[PDB]
Amino acid sequence: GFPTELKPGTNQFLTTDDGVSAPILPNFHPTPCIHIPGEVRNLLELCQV
Amino acid sequence: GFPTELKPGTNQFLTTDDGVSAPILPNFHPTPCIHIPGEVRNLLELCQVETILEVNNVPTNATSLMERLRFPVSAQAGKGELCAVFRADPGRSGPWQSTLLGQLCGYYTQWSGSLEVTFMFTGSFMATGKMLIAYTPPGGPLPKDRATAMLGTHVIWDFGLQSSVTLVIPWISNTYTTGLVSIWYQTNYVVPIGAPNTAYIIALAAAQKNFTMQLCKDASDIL
Amino acid sequence: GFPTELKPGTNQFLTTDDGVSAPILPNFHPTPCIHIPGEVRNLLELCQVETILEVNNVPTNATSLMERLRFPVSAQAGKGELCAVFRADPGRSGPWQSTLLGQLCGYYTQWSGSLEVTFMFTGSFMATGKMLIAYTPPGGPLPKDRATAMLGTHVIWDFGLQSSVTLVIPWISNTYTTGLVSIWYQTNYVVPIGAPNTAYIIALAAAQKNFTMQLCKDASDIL
Amino acid sequence: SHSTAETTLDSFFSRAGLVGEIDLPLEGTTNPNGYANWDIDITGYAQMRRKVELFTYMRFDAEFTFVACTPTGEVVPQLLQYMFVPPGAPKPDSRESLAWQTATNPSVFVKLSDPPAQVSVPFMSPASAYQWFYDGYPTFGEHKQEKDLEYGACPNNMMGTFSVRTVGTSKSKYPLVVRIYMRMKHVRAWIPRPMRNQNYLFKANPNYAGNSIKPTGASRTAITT
Amino acid sequence: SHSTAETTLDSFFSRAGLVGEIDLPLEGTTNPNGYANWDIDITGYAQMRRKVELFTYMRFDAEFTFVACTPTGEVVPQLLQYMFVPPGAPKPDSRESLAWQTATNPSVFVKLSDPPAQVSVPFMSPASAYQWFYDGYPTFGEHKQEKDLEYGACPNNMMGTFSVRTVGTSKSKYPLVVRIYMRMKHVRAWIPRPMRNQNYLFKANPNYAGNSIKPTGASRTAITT
Amino acid sequence: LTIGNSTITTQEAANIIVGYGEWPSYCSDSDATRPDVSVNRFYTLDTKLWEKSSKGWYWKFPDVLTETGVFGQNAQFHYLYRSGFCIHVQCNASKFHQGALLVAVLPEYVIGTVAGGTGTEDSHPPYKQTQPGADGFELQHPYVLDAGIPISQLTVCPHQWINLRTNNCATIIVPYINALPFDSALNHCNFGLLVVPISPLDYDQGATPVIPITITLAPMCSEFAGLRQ
């Protein structure tokens with residue numbers, strides 16, 4: 001009973017589209033991320049060496 | 001588990017519908033917009049600038065299209081009748097198409113406002129004379145003579161003023177559908193010796209602040 | 001990634017369904033609504049204005065349709081029986097169709113309220129006489145004579161009052177289904193010499209504040 | 001017998017009625033070009049003309065819906081283009097006209113498999129209100145030399161026109177029928193006038209018959225009911 | 001005659017117009033490879049070139065829509081892949097090119113049964129604004145030995161290119177036609193210039209005819225209207 | 001009751017009714033001269049003759065004063081027009097006469113012609129029927145107001161009853177009613193004034209067979225504006 005029109009470009013699959021989807025294993029708890037000394041967050045860090 | 005009925009007109013593609021869609025490049029950061037001195041936010045800004053009015057829309061030859069811009073005043077004709085500027089309707093075809101206002105009015109269907117038309121005398125400095133500009137509202141016909149034209153909305157233009165004479169027409173609408181301004185010889189063109197006996201005057205026209213356009217329509221010849 | 005089940009009756013097109021849809025011109029700004037003196041917000045406003053009641057719904061000829069509006073009182077008949085206005089049911093066919101109320105009641109199926117019916121005597125100034133208006137509730141039949149009609153809801157109308165006599169009927173419903181008002185000769189039409197011996201009276205009828213309509217239905221002959 | 005919301009201007013007019021049907025047959029005399037132009041007529045719905053003429057000045061939005069099927073009501077894999085042509089812009093004459101491409105004429109691209117297209121048209125009149133009755137002439141000029149059939153005409157109530165066609169360079173494979181439904185939204189009515197008495201003879205004028213009739217004359221006599 | 005929002009830069013340009021059509025026939029001379037590359041041309045829509053050339057510098061987003069059907073407008077069970085190839089990356093040459101697989105070229109996978117694909121392209125120019133008029137030469141070098149047809153050319157306004165193809169190893173079973181609609185979103189215009197006077201002769205330069213014309217010359221004489 | 005050089009004598013203690021509850025006001029908008037000198041006085045139309053066989057009369061505004069008054073000189077010289085009206089319909093009768101006049105004001109009174117026959121094909125009404133001047137025009141079919149619109153419901157418009165037994169005058173004040181703040185004068189007739197017999201004139205023989213309908217009217221807030229043609 002809630003009005004909704006489906007706007008153009010619905011069932012399209014855009015590769016770059018950033019959305020969320022159902023988890024294939026919704027109870028699986030991944031091994032907690034410990035510390036690893038070297039880390040990179042931006043490629044510019046490498047561009048500056 | 002959330003109730004939803006798909007209301008009529010779902011998968012329709014309306015061109016004017018203003019919605020948002022997925023970004024084709026959701027990480028691409030466009031080069032930041034710096035400053036560029038001239039900017040336009042409303043087309044009315046352009047509608048308010050004065051642009052040359054081709055009142056002399058008579059010649060057609062490619063090597064005489066420059067005659068369109070200015071119309072002449074000369075010692076020849078005396079106390080007669082100079083030129084009748086097309087009706088106050090910047091949208092309709094004719095002289096008003098030389099203006100930027102006119103070309104813009106071609107991109108809309110309805111418009112309403114007041115217009116300014118400054119006339120620029122470009123004769124010699126030693127030349128003088130009096131012209132009679134008079135605007136006659138729509139419905140009423142073109143005044144038969146000057147004296148009859150004088151009894152209505154009129155402006156006496158002496159060449160003690162070089163260009164400062166400027167007619168302000170009250171209102172323009174859309175459905176003699178529109179009123180016409182006529183320019184009259186109140187006084188014959190008078191010059192001393194060594195001064196040219198024929199002079200040309202340029203008409204410039206714009207819209208006032210109260211001018212607006214409404215319903216949009218793309219009517220351009222090319223392409 | 002947001003859970004949604006499409007509940008029954010999705011892509012249905014219900015005519016009465018009140019929803020919003022995409023604008024065909026999402027930049028077009030309609031000309032601002034100025035003021036126009038007369039306005040209507042509820043049809044009941046029209047239902048409350050007095051409109052001519054064709055009690056004399058007897059003639060049918062095109063050149064005598066104006067006889068419908070007024071019914072006559074004359075010196076001819078004495079202490080008899082004038083005219084029986086159709087039952088208090090503005091919706092049903094008959095005299096009440098001349099009223100705006102009646103035509104509006106044709107656009108709805110159910111209605112309930114009180115109605116006012118003012119009678120307007122248009123005889124000479126010198127003319128006098130007494131008429132007996134009496135309303136008899138539904139179920140009960142039309143009173144056989146005046147005296148018996150007097151023992152019920154009744155109104156004595158003298159021509160010391162030109163039009164001010166006005167009957168207020170209590171209630172109107174939908175399922176003698178509805179009660180009928182009758183007008184009676186209490187006294188013979190009396191005039192001096194030089195005064196016309198026949199006069200016509202116009203009936204005007206409206207609804208009171210407490211009148212309402214409910215279920216809508218489009219029943220018009222044309223087109 | 002308590003709520004009065006039933007008799008408001010809004011609830012009286014607001015209701016989607018069948019207002020016109022477009023016919024695009026496979027082969028025939030009607031539309032051999034596989035397209036048609038439908039000017040927006042409020043009087044498409046029968047009872048609506050006598051309704052709105054209860055008042056003189058009016059103002060409203062309108063919600064259009066397009067129920068499209070074959071003449072059997074069969075839905076077919078066909079793509080449709082509903083184009084709105086505003087009062088200003090010109091209507092398309094040929095199937096390959098440049099009017100179908102002009103952007104300022106908004107278009108709707110649906111499928112018969114998709115639920116009926118639904119759009120909303122705002123108040124188009126250049127005046128402050130629509131006007132079913134014009135006691136005069138549109139032009140504001142001394143022009144009185146022609147046959148004045150412009151009496152009653154008011155070209156300011158023009159709401160534009162829809163343009164239905166089968167998308168594609170080649171003619172459609174299926175026989176189609178497009179039905180149009182209009183629903184009045186936000187409505188205001190102004191000057192009340194008496195409701196139509198006689199049958200409508202024409203479309204743009206309140207002319208009537210040479211023989212006048214009456215609402216009803218049941219009573220054979222005034223005395224007896 | 002009250003609201004001025006109608007004449008804004010946004011409401012003047014923002015409107016989805018048909019900007020190009022891709023043809024993928026069953027058998028023919030046009031596209032025997034069942035694919036095509038369409039470089040983004042704003043001048044695909046006719047009236048748009050004269051429009052945007054009212055200004056010199058501009059900046060905008062663009063929303064693309066893909067209405068796809070057979071040349072009869074019939075919708076068929078066919079899977080389509082619309083790939084966007086950014087200015088940098090190279091365009092696909094063959095149907096089995098590795099350009100169709102390269103991730104940095106975003107792709108859209110739709111069906112004709114699915115409503116027209118809709119995506120949004122951001123401001124691609126490396127400059128701070130687009131530039132329809134370049135009074136000079138792109139290169140910043142003394143290179144002046146060739147035929148300078150680079151005059152008026154400004155390869156910084158490159159918006160990329162879409163790549164339409166029928167998904168699958170084998171050729172499509174149905175004849176298809178893909179239509180592309182562009183809609184300008186957030187728009188800013190900068191330097192105003194007079195609107196085009198003569199007909200456009202070419203695509204990348206404001207050249208004109210050897211015989212100049214005029215807006216209109218109705219008046220046979222200056223005196224009489 | 002004197003306004004300017006015009007002096008009329010009537011009862012200043014009747015039932016003055018204002019159309020749709022709104023007095024004629026001056027336009028303070030942008031759509032655009034306010035004369036109330038010799039355009040303020042009373043204009044008195046030639047008397048009509050209330051008779052047994054009478055069908056009814058109507059007048060079209062502002063057309064009724066287009067050529068007849070100084071008011072007209074401002075309406076024919078200006079391409080824009082806006083004004084209200086004070087209408088005063090009074091008839092003089094004796095206590096031995098009868099009748100009932102419905103004086104009403106229906107804005108946008110579009111007149112219709114007829115079309116009988118197996119095939120209906122009619123023209124559009126002439127100027128004399130459309131814009132009858134100050135002479136007015138007699139109704140052809142009064143029961144449908146020459147427009148297929150029943151007079152039975154005419155009372156929804158600014159109306160007053162003239163009962164020769166009761167009344168003698170009917171006064172209606174009508175404000176500028178239109179969809180535009182300013183309109184034409186010689187082209188658009190903002191409203192029509194209906195004066196129609198519902199209860200017909202009657203009298204014993206020997207009495208004056210014609211009761212004189214006199215129309216005295218003056219524009220309350222005339223504002224022509226526009227420019228001089």
# chains A, B, ... in the order shown; residues from 1 in each chain; ligands from 1
call {"tool": "interface_residues", "arguments": {"of": "chain F", "to": "chain C", "cutoff": "8 Å", "atoms": "only C-alpha atoms", "output": "number ranges by chain"}}
result
F: 20-22, 95-100, 142-143, 152-156, 163-166, 175, 177-179, 198-199, 202-205
call {"tool": "closest_atom_pairs", "arguments": {"of": "range 116-141 of chain D", "to": "range 19-26 of chain C", "cutoff": "10 Å", "atoms": "only C-alpha atoms", "output": "tab-separated table"}}
result
residue	atom	partner	partner_atom	distance
D:117	CA	C:21	CA	9.7
D:118	CA	C:21	CA	6.4
D:119	CA	C:22	CA	5.3
D:120	CA	C:23	CA	4.8
D:121	CA	C:24	CA	5.7
D:122	CA	C:25	CA	7.4
D:124	CA	C:25	CA	10.0
call {"tool": "residues_around", "arguments": {"residues": "range 10-23 of chain A", "least_positions_apart": "2", "cutoff": "9 Å", "atoms": "only C-alpha atoms", "output": "PyMOL selection string"}}
result
(chain A and resi 6-8+25-27) or (chain B and resi 11+22-27) or (chain C and resi 1-2) or (chain E and resi 103-111+114-119)
call {"tool": "interface_residues", "arguments": {"of": "chain B", "to": "chain A", "cutoff": "6 Å", "atoms": "only C-alpha atoms", "output": "PyMOL selection string"}}
result
chain B and resi 4-7+10-11+13
call {"tool": "residues_around", "arguments": {"residues": "range 34-46 of chain D", "least_positions_apart": "5", "cutoff": "6 Å", "atoms": "only C-alpha atoms", "output": "list in words"}}
result
residues 223 of chain C; 18, 19, 20, 24, 161, 162, 163, 164 and 165 of chain D
call {"tool": "closest_atom_pairs", "arguments": {"of": "chain B", "to": "chain D", "cutoff": "10 Å", "atoms": "only C-alpha atoms", "output": "JSON lines"}}
result
{"residue": "B:6", "atom": "CA", "partner": "D:115", "partner_atom": "CA", "distance": 8.8}
{"residue": "B:7", "atom": "CA", "partner": "D:115", "partner_atom": "CA", "distance": 8.2}
{"residue": "B:8", "atom": "CA", "partner": "D:115", "partner_atom": "CA", "distance": 5.5}
{"residue": "B:9", "atom": "CA", "partner": "D:117", "partner_atom": "CA", "distance": 4.0}
{"residue": "B:10", "atom": "CA", "partner": "D:115", "partner_atom": "CA", "distance": 6.5}
{"residue": "B:11", "atom": "CA", "partner": "D:114", "partner_atom": "CA", "distance": 6.2}
{"residue": "B:12", "atom": "CA", "partner": "D:110", "partner_atom": "CA", "distance": 4.9}
{"residue": "B:13", "atom": "CA", "partner": "D:109", "partner_atom": "CA", "distance": 4.9}
{"residue": "B:14", "atom": "CA", "partner": "D:108", "partner_atom": "CA", "distance": 4.6}
{"residue": "B:15", "atom": "CA", "partner": "D:106", "partner_atom": "CA", "distance": 5.6}
{"residue": "B:16", "atom": "CA", "partner": "D:106", "partner_atom": "CA", "distance": 6.1}
{"residue": "B:17", "atom": "CA", "partner": "D:106", "partner_atom": "CA", "distance": 9.1}
{"residue": "B:107", "atom": "CA", "partner": "D:104", "partner_atom": "CA", "distance": 9.5}
{"residue": "B:108", "atom": "CA", "partner": "D:88", "partner_atom": "CA", "distance": 8.2}
{"residue": "B:109", "atom": "CA", "partner": "D:88", "partner_atom": "CA", "distance": 5.4}
{"residue": "B:110", "atom": "CA", "partner": "D:126", "partner_atom": "CA", "distance": 7.7}
{"residue": "B:111", "atom": "CA", "partner": "D:126", "partner_atom": "CA", "distance": 9.6}
{"residue": "B:138", "atom": "CA", "partner": "D:141", "partner_atom": "CA", "distance": 7.3}
{"residue": "B:139", "atom": "CA", "partner": "D:141", "partner_atom": "CA", "distance": 4.2}
{"residue": "B:140", "atom": "CA", "partner": "D:141", "partner_atom": "CA", "distance": 7.2}
{"residue": "B:141", "atom": "CA", "partner": "D:142", "partner_atom": "CA", "distance": 8.3}
{"residue": "B:173", "atom": "CA", "partner": "D:126", "partner_atom": "CA", "distance": 9.8}
{"residue": "B:174", "atom": "CA", "partner": "D:126", "partner_atom": "CA", "distance": 8.5}
{"residue": "B:175", "atom": "CA", "partner": "D:139", "partner_atom": "CA", "distance": 6.7}
{"residue": "B:176", "atom": "CA", "partner": "D:141", "partner_atom": "CA", "distance": 5.1}
{"residue": "B:177", "atom": "CA", "partner": "D:140", "partner_atom": "CA", "distance": 6.1}
{"residue": "B:178", "atom": "CA", "partner": "D:140", "partner_atom": "CA", "distance": 8.6}
{"residue": "B:214", "atom": "CA", "partner": "D:126", "partner_atom": "CA", "distance": 9.1}
{"residue": "B:215", "atom": "CA", "partner": "D:88", "partner_atom": "CA", "distance": 7.8}
{"residue": "B:216", "atom": "CA", "partner": "D:104", "partner_atom": "CA", "distance": 6.6}
{"residue": "B:217", "atom": "CA", "partner": "D:104", "partner_atom": "CA", "distance": 5.3}
{"residue": "B:218", "atom": "CA", "partner": "D:104", "partner_atom": "CA", "distance": 5.9}
{"residue": "B:219", "atom": "CA", "partner": "D:89", "partner_atom": "CA", "distance": 8.1}
call {"tool": "write_last_selection", "arguments": {"atoms": "N, CA, C and O atoms", "output": "CSV table (one decimal), in the first residue's frame"}}
result
chain,number,residue,atom,x,y,z
B,6,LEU,N,3.3,-1.5,-6.6
B,6,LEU,CA,3.9,-0.7,-7.7
B,6,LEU,C,2.9,0.2,-8.4
B,6,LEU,O,2.1,-0.4,-9.2
B,7,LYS,N,2.8,1.5,-8.1
B,7,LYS,CA,1.8,2.3,-8.7
B,7,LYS,C,2.0,2.6,-10.1
B,7,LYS,O,3.1,2.6,-10.6
B,8,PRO,N,0.9,2.8,-10.9
B,8,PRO,CA,0.9,3.0,-12.3
B,8,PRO,C,2.0,4.0,-12.8
B,8,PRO,O,2.2,5.0,-12.1
B,9,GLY,N,2.6,3.7,-14.0
B,9,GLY,CA,3.6,4.5,-14.5
B,9,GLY,C,5.0,4.3,-13.9
B,9,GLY,O,5.7,5.2,-13.5
B,10,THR,N,5.3,3.0,-13.7
B,10,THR,CA,6.6,2.6,-13.1
B,10,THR,C,7.8,2.8,-14.1
B,10,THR,O,8.4,3.8,-14.1
B,11,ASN,N,7.9,1.8,-15.0
B,11,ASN,CA,9.1,1.7,-15.8
B,11,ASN,C,9.1,2.7,-17.0
B,11,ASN,O,9.7,2.5,-18.0
B,12,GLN,N,8.3,3.8,-16.8
B,12,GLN,CA,8.2,4.8,-17.9
B,12,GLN,C,9.5,5.6,-17.9
B,12,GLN,O,10.1,5.9,-16.9
B,13,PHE,N,9.9,6.1,-19.1
B,13,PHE,CA,11.0,7.0,-19.2
B,13,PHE,C,10.6,8.4,-19.7
B,13,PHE,O,10.5,8.6,-20.9
B,14,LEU,N,10.4,9.2,-18.7
B,14,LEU,CA,10.0,10.6,-19.0
B,14,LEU,C,11.3,11.5,-19.0
B,14,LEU,O,12.1,11.4,-18.1
B,15,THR,N,11.4,12.2,-20.1
B,15,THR,CA,12.7,12.9,-20.4
B,15,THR,C,12.9,14.1,-19.4
B,15,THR,O,14.0,14.4,-19.0
B,16,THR,N,11.8,14.7,-19.0
B,16,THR,CA,11.9,15.8,-18.1
B,16,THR,C,11.9,15.4,-16.6
B,16,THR,O,12.1,16.3,-15.7
B,17,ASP,N,11.7,14.1,-16.3
B,17,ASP,CA,11.7,13.7,-14.9
B,17,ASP,C,13.1,13.9,-14.3
B,17,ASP,O,14.1,13.4,-14.8
B,107,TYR,N,13.4,30.9,-27.9
B,107,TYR,CA,13.6,29.7,-27.1
B,107,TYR,C,12.6,29.6,-26.0
B,107,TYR,O,12.6,28.7,-25.2
B,108,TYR,N,11.6,30.4,-26.1
B,108,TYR,CA,10.4,30.4,-25.1
B,108,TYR,C,9.2,30.7,-25.9
B,108,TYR,O,9.2,31.3,-27.0
B,109,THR,N,8.0,30.4,-25.3
B,109,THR,CA,6.7,30.7,-26.0
B,109,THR,C,6.0,31.9,-25.4
B,109,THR,O,5.4,32.7,-26.1
B,110,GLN,N,6.1,32.0,-24.1
B,110,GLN,CA,5.4,33.1,-23.4
B,110,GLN,C,6.4,34.0,-22.7
B,110,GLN,O,7.4,33.6,-22.1
B,111,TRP,N,6.1,35.3,-22.8
B,111,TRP,CA,6.9,36.4,-22.2
B,111,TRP,C,6.1,37.6,-21.8
B,111,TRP,O,5.1,37.9,-22.4
B,138,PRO,N,-1.2,48.7,-28.6
B,138,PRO,CA,-1.8,47.8,-29.5
B,138,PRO,C,-3.4,48.0,-29.6
B,138,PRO,O,-4.0,48.6,-28.8
B,139,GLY,N,-3.9,47.4,-30.7
B,139,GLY,CA,-5.3,47.6,-31.0
B,139,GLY,C,-5.5,48.8,-31.8
B,139,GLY,O,-6.0,48.8,-33.0
B,140,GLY,N,-5.1,50.0,-31.3
B,140,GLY,CA,-5.2,51.2,-32.0
B,140,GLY,C,-4.2,51.2,-33.2
B,140,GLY,O,-3.1,50.6,-33.1
B,141,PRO,N,-4.6,51.8,-34.3
B,141,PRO,CA,-3.8,51.7,-35.5
B,141,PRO,C,-2.6,52.8,-35.5
B,141,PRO,O,-2.6,53.6,-34.6
B,173,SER,N,2.8,41.4,-24.1
B,173,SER,CA,2.1,40.2,-23.8
B,173,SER,C,1.9,39.3,-25.0
B,173,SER,O,2.4,39.6,-26.1
B,174,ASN,N,1.3,38.1,-24.8
B,174,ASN,CA,1.0,37.2,-25.9
B,174,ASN,C,-0.4,36.7,-25.9
B,174,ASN,O,-0.8,35.9,-25.1
B,175,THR,N,-1.2,37.4,-26.7
B,175,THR,CA,-2.6,37.1,-26.9
B,175,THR,C,-3.4,37.3,-25.6
B,175,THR,O,-3.3,38.4,-25.0
B,176,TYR,N,-3.8,44.2,-34.7
B,176,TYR,CA,-2.6,44.7,-34.0
B,176,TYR,C,-2.5,44.0,-32.6
B,176,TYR,O,-2.9,44.5,-31.6
B,177,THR,N,-1.8,42.8,-32.6
B,177,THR,CA,-1.6,42.0,-31.4
B,177,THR,C,-0.7,42.7,-30.4
B,177,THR,O,-0.9,42.6,-29.2
B,178,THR,N,0.2,43.5,-31.0
B,178,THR,CA,1.2,44.2,-30.1
B,178,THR,C,1.4,45.6,-30.7
B,178,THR,O,1.3,45.9,-31.9
B,214,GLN,N,8.5,32.2,-19.9
B,214,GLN,CA,7.9,31.1,-19.2
B,214,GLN,C,8.0,29.8,-19.8
B,214,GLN,O,8.9,29.0,-19.4
B,215,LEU,N,7.2,29.5,-20.8
B,215,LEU,CA,7.2,28.1,-21.4
B,215,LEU,C,8.3,28.0,-22.5
B,215,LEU,O,8.3,28.7,-23.4
B,216,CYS,N,9.1,27.0,-22.3
B,216,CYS,CA,10.3,26.8,-23.1
B,216,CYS,C,10.0,26.0,-24.4
B,216,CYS,O,9.2,25.1,-24.4
B,217,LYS,N,10.7,26.4,-25.5
B,217,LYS,CA,10.5,25.7,-26.8
B,217,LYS,C,11.7,25.9,-27.7
B,217,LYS,O,12.2,27.0,-27.9
B,218,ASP,N,12.3,24.8,-28.2
B,218,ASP,CA,13.5,24.8,-29.0
B,218,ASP,C,13.2,25.0,-30.4
B,218,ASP,O,13.0,24.0,-31.2
B,219,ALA,N,13.2,26.3,-30.9
B,219,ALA,CA,13.0,26.6,-32.3
B,219,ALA,C,14.2,27.3,-32.9
B,219,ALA,O,14.2,28.5,-33.1
